[PDB]
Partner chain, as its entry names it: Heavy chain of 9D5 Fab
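Next up: a single chain in C-alpha cells, the form deposited without its partner chain.
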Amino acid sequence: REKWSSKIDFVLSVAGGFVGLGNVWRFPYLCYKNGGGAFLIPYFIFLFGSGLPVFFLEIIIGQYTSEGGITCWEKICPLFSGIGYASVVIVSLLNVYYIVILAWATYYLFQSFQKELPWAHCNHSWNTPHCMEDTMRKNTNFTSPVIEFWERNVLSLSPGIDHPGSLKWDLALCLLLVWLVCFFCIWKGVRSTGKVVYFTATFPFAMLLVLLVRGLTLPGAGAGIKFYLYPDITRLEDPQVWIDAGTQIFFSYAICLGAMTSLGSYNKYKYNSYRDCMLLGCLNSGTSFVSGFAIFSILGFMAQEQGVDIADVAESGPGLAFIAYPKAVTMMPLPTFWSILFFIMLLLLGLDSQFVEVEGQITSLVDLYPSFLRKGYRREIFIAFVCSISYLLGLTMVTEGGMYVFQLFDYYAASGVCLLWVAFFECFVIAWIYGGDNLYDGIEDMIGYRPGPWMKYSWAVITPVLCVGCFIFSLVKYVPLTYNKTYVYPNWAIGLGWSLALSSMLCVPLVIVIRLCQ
C-alpha cells in the first residue's frame, strides 16, 4: 500500500544501501588477511558469475511480486521460504555487530575534538613502558602508540574470551546515542532515506576522492599496489581465500539480506529498463576497487615507516581502518578538521546502511503479520521493542574482552557458509523449478528488449558449482579460527560460533520438512 514518489528515490535508496563500511573497511581487511593478490582471482569470477546475476534476480522478483522479501520467494514457489527466513535472521544478527563499529567510530569522533590528537603521543594512562614512537622506531618487544591506543583505550584487551570483564560505559552510551539517532530518523521522516540526501550524496564521494589523492601522494605506495594487485597462486589450494573472496562479493552488494528484493518490490509492474542494475553494480565495483588503492597505499606507508613486514604491520583483524587512517592523517596538515570530516563521513555511510537495513527488516516483520499492525502510532511498539532488544544484546561486545565475541560474529554470523547456502538455493530453485525461459518471457514486455543468453547459463551452472565446491572444500579441509595468529580459541567458543552459523543454515531444511509434514 505504498510506492515511491520519485523515480530517482529508488535509485538513491539502492545506491546508499550498498556503498558504506563494507567496501572501505572490511574489503581491505579481508584482502589483507590473505597475503598477496590471491583475493582478486575469485573476486571477478564470483562477481560475473553470481553477483550481478542475483543482483538483478531479487530485484526482478521483487518488482514482479510487489510484496515483502519473506513472501517474494513464497510467490515464486510455496517451498524454499527458508531463504527469506535465513535472510531475516542474518540481517538481525548482522545489525548487532554492525552498529558497534559505528559506536566506536563516534567515540573516535567525540575524542577527536581535542586540540592534540590522543593517538599521536606516547604518554597516557593507558600506555605500557613498551611505547616507542613510530617515527623513531626504525632508529622485537616494541609497538607503536596507535597500536597501544586501539587495544587499551577504546576497549581494554582482556587476555581471552574465557575471562570477560566489567562493562564499559563510554561505548555503551555512544552506542545508545547511535540508536537514538537511528530511532528518531525512522519514526520521523521515513522518506528522508532518499528525499533530502540529494546534496549529501556527493559528500562521501568527494571525501573519498580527497583521501585517494592524499594516499596516492603518500610515499611508500608501490609495495601496497603490488600487494593489492599481483596474485599468489601458491596458496590457492586451501579454501580460506576462496571463501573470504566469495563472501566479500556477496557482502558488498548485500546479496541474500532481503533488502534489494524489498527495495525493488516497492515499485509496481512495468518499471523502467533495468540497465540501472548493471550501472549500480559497476559503480559499487569501481568504488570498492578504488578505495582499496588508497587503503593499501597508506598500509604500504605504514609498513615502510615501522620497518616490519607488510602482513604484520596491522593486527590482521577488524581494526585495520582505525589503525591505518590515524597514521595517515597525523602527517597530513590540519589533522583536526580533516579527522572530524572523515569520521562524520564514516558515520554517514554507516548510518545510511544501518537505517536501510532496519527499514528492510521492519518491513519484512510487519508484512509477516499485517492484521495486528497498521501505519500509525502502532509502529512505535515494534520499533522500540526491537531497538531495545538489539541495544541490550549488543552490550556484550563493548565490554572489555568483547572484541573476541565481535570477531566470532564477523567470522561466522552473516558470512561464510550461510551466504553460500542461501545463494546456492536461490539460484537452484529459480533455475530448475520456475525456469529461466519463464522469466525471459515475463521480462520481455516489461523491458522491451530480450536480454542476451547470460541469465540462463549463469543461474543454473556457474553459480551452483562455485557454491557447492567451496562448501565441500571448506568441510573437507578444516582450519580452526584464530585471532591475530596468536590466540587459540576454546572449543566451546568454536561450538558457539558454529551454532551461530547453523542457526541461519538450518532455516531451509526446517521449513522444507514442516511443509512436507503438512
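Heads up, when I say rigid core I mean the largest set of C-alphas that superpose within 1.5 Å between the two forms. Residues that one form lacks are left out of the comparison. Positions refer to the first chain, counted from 1.
Note that the form solved in complex with its partner chain isn't included here; everything after this is about it.
Although the partner is absent here, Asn272 lies within 4.5 Å of its partner chain in the deposited bound form, judged by heavy atoms. Though the partner is left out of this view, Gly448 does reach within 4.5 Å of its partner chain in the deposited bound form, counting heavy atoms only.
Not displayed here, its partner chain is approached by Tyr64 to within 4.5 Å at the level of heavy atoms in the deposited bound form. With its partner chain omitted here, the record of contacts in the deposited bound form names 262-270 of 315-323, 262-270, 389-397, 154-162, defined by a heavy atom within 4.5 Å.
Superposition on the rigid core between this form and the one not shown places the CA atom of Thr71 less than 2 Å from its counterpart.
Core-superposed comparison between this form and the one not shown: CA of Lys456 displaced by 2 Å or more.
Superposed on the core, the two forms differ at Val197: its CA moves 2 Å or more between this form and the one not shown. Cα of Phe355 to Cα of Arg191: at least 3 Å shorter in the deposited bound form than in the shown structure.
Look at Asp352 and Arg191: in the deposited bound form their Cα atoms come 3 Å or more closer than in this form. At a threshold of 2 Å in C-alpha displacement, with the core superposed and only residues shared by both forms counted, the segments of at least 3 consecutive residues that shift between this form and the one not shown are, in sequence order, 189-200, 272-274, 376-380, 446-456.
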